[PDB]
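Scroll down for the structure; my scribbles are underneath it.
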Amino acid sequence: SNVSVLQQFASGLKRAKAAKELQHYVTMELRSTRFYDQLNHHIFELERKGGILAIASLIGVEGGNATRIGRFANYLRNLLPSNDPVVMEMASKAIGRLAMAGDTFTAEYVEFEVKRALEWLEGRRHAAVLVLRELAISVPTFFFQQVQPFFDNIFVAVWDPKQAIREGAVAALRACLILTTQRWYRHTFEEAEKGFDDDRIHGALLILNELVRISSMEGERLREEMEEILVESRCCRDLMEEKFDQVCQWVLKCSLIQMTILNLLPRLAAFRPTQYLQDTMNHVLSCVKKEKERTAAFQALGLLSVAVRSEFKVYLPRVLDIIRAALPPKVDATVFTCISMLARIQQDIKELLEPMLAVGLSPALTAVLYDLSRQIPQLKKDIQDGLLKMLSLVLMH
């Protein structure tokens, strides 16, 4: 109905939205629907979670091409003038998923915000960022009006005035452009290499890593494989040297550059196995003394050892001996990830690896131990005895 659904959405204005969606599905989808949508649109034209759950639950029955599109069009066009906080990206994704019942007019609702990509791109970049995220998730039809010029626009347009939204905007535009390209990169790479020489600067480094990932198919495979846990590729000296100088001298002028450098070192290492390797090795040697960053430092060390064979070969004693005394107290998943990724240096881990499993029972610890046993069955009985001891300590009493 309308009144009951309105009350459910009002309660969802606050775990309640999911219960409302489940109950609405169980009641109606087996066997009244448009009244709830009309009331929700009337209220929203002036809550979010419960109303969104109610709108998505009833989606996909009759085949509303314009009636639901028209109801969502007011909110879709309003989101362009006023861009909301971090909830805006997820809300746009939910709206785009719900309106994706197979209508063609959906290419027009976001098109009202599409012109902002050249017009606007907190009231300029974030609205287009949310629209781009929703479209690239469901259908980029509204923002894909310039697909030949998509690479040219994504080269520079993502540096618009946003603090947290700009990085997501770069990612959304890059994802849409990469998917379209699967369906002037060298110039952009050279420009990022030369002009690189701040918080509103690291977005450029993130896009450049995204540019290397999308415009190059060589670095895509390794980046996809390790992320779970033809001419332009030669000119690798300029960008790496510029980034190295930027990190070395002025990192935190206005440790965001540290995260950017760690990300770019991963892109260079996974791209093709110039000065980036030595520069990132020196960066990790410097970040060994860095505080409140060992969680990322261990992950970077593991990624470097897995990808860059030469970097870790001379770096045997510096890093691996540091984390061993810290993990036992209570994060350490990255250290175990590096240990497992080093082999997949053959019999060396047997002597010291015991304390790692002896630390305690954790689901992540169990997953790491299982992955090591599947990957490195050098001493299976050693794993078996520890497993028996842990299982006895747990369930025996």
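Lettering and numbering for the structure tokens are positional, with chains as A, B, ... in the shown order, residues counted from 1 in each chain, and ligands counted from 1 in the shown order.
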Please produce, as JSON lines, a per-residue contact table for region 81-182 of chain A versus region 44-48 of chain A (criterion: any atom at most 12 Å away, only C-alpha atoms considered), showing the nearest atom pair and its distance in Å to one decimal, sorted by chain then residue number.
{"residue": "A:87", "atom": "CA", "partner": "A:48", "partner_atom": "CA", "distance": 9.7}
{"residue": "A:88", "atom": "CA", "partner": "A:48", "partner_atom": "CA", "distance": 10.4}
{"residue": "A:90", "atom": "CA", "partner": "A:48", "partner_atom": "CA", "distance": 10.9}
{"residue": "A:91", "atom": "CA", "partner": "A:48", "partner_atom": "CA", "distance": 8.0}
{"residue": "A:92", "atom": "CA", "partner": "A:48", "partner_atom": "CA", "distance": 11.2}
{"residue": "A:94", "atom": "CA", "partner": "A:48", "partner_atom": "CA", "distance": 10.5}
{"residue": "A:95", "atom": "CA", "partner": "A:48", "partner_atom": "CA", "distance": 10.6}
Fill in: Residue contacts of residue 355 (chain A) (10 Å, only C-alpha atoms) excluding same-chain residues fewer than 4 positions away, as a PyMOL selection string
chain A and resi 324-325+327-328+351+359-360
Practice prompt. Considering only C-alpha atoms, return as a ChimeraX atom specification whatever protein or nucleic-acid residues lie within 9 Å of residue 264 (chain A), sequence-local ones (same chain, fewer than 3 positions apart) excluded.
Written response: /A:205-206,208-209,240,243,259-261,267-269,276
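Minimum atom-to-atom distances from A:124, A:183, A:115, A:309 to residue 163 (chain A) were compared using only C-alpha atoms, and the lowest value belongs to A:124.
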Discussion item. Which residues are close to residue 270 (chain A), i.e. within 12 Å by only C-alpha atoms, leaving aside same-chain residues fewer than 6 positions away? Reply as a ChimeraX atom specification.
Written reply: /A:209,212-213,216-227,263-264,276-277,303-309
Worksheet entry | Spatial neighbours of region 107-109 of chain A, max dist 8 Å, only C-alpha atoms, sep filter under 2 positions, as a ChimeraX atom specification | /A:69,72-73,76-77,104-105,111-113,139-142
Practice prompt. Considering only C-alpha atoms, return as a ChimeraX atom specification whatever protein or nucleic-acid residues lie within 10 Å of residue 65 (chain A), sequence-local ones (same chain, fewer than 4 positions apart) excluded.
Written response: /A:69-70,99-106
Item to complete: Among the residues of region 132-257 of chain A, find those DSSP assigns to alpha helix (DSSP H) from the backbone and print them as a VMD selection string.
Response: chain A and resid 132 to 137 150 to 156 165 to 182 185 to 195 202 to 215 218 to 226 237 to 248 256 to 257
Practice prompt. Could you please determine the separation between CA of residue 22 (chain A) and CA of residue 110 (chain A) in Å, to one decimal place?
Written response: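 Computed distance, CA of residue 22 (chain A) to CA of residue 110 (chain A), equals 28.7 Å.
Interatomic distance, CA of residue 274 (chain A) against CA of residue 345 (chain A): 26.5 Å.
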Item to complete: Can you work out which one of A:199, A:173, A:238, A:232 has the shortest atom-to-atom distance to residue 187 (chain A), counting only C-alpha atoms?
Response: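 Among the listed residues, the smallest separation from residue 187 (chain A) belongs to A:232.
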Set out as a tab-separated table a contact list for region 195-251 of chain A and region 143-159 of chain A with a cut-off of 10 Å, giving each residue of region 195-251 of chain A that qualifies its closest atom pair and distance in Å to one decimal, counting only C-alpha atoms, ordered by chain and rising residue number.
residue	atom	partner	partner_atom	distance
A:200	CA	A:159	CA	7.8
A:201	CA	A:159	CA	8.4
A:202	CA	A:159	CA	9.9
A:203	CA	A:159	CA	7.0
A:204	CA	A:159	CA	7.0
A:207	CA	A:158	CA	8.1
A:208	CA	A:155	CA	8.8
A:211	CA	A:155	CA	8.2
A:215	CA	A:151	CA	9.2
Residues from last step as file, N, CA and C atoms, as a PDB file, in the first residue's frame:
ATOM      1  N   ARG A 200      45.790  18.074  -3.115  1.00  0.00           N
ATOM      2  CA  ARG A 200      45.097  18.244  -4.392  1.00  0.00           C
ATOM      3  C   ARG A 200      46.068  18.031  -5.555  1.00  0.00           C
ATOM      4  N   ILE A 201      47.125  17.279  -5.262  1.00  0.00           N
ATOM      5  CA  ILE A 201      48.131  16.915  -6.250  1.00  0.00           C
ATOM      6  C   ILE A 201      48.173  15.399  -6.356  1.00  0.00           C
ATOM      7  N   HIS A 202      48.026  14.720  -5.214  1.00  0.00           N
ATOM      8  CA  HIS A 202      48.059  13.260  -5.197  1.00  0.00           C
ATOM      9  C   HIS A 202      46.941  12.655  -6.038  1.00  0.00           C
ATOM     10  N   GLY A 203      45.865  13.406  -6.277  1.00  0.00           N
ATOM     11  CA  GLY A 203      44.852  12.941  -7.210  1.00  0.00           C
ATOM     12  C   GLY A 203      45.417  12.728  -8.600  1.00  0.00           C
ATOM     13  N   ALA A 204      46.334  13.604  -9.020  1.00  0.00           N
ATOM     14  CA  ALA A 204      47.010  13.415 -10.297  1.00  0.00           C
ATOM     15  C   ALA A 204      47.834  12.134 -10.309  1.00  0.00           C
ATOM     16  N   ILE A 207      45.437   9.229 -10.651  1.00  0.00           N
ATOM     17  CA  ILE A 207      44.939   9.118 -12.019  1.00  0.00           C
ATOM     18  C   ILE A 207      46.025   8.576 -12.944  1.00  0.00           C
ATOM     19  N   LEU A 208      47.271   9.012 -12.742  1.00  0.00           N
ATOM     20  CA  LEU A 208      48.386   8.509 -13.535  1.00  0.00           C
ATOM     21  C   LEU A 208      48.590   7.016 -13.339  1.00  0.00           C
ATOM     22  N   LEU A 211      45.784   5.725 -15.163  1.00  0.00           N
ATOM     23  CA  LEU A 211      46.077   5.834 -16.589  1.00  0.00           C
ATOM     24  C   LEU A 211      46.990   4.710 -17.062  1.00  0.00           C
ATOM     25  N   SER A 215      45.294   2.364 -19.842  1.00  0.00           N
ATOM     26  CA  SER A 215      45.811   2.522 -21.198  1.00  0.00           C
ATOM     27  C   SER A 215      46.789   1.419 -21.581  1.00  0.00           C
TER      28      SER A 215
END
Item to complete: Work out how far CA of residue 370 (chain A) is from CA of residue 395 (chain A), in Å to one decimal.
Response: 19.3 Å
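Considering the residues A:250, A:196, A:189, A:25 and counting only C-alpha atoms, residue 233 (chain A) has its shortest atom-to-atom contact with A:189.
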Worksheet entry | Nearest to residue 271 (chain A), chosen from A:228, A:134, A:210, A:242, with only C-alpha atoms counted in the distances | A:210
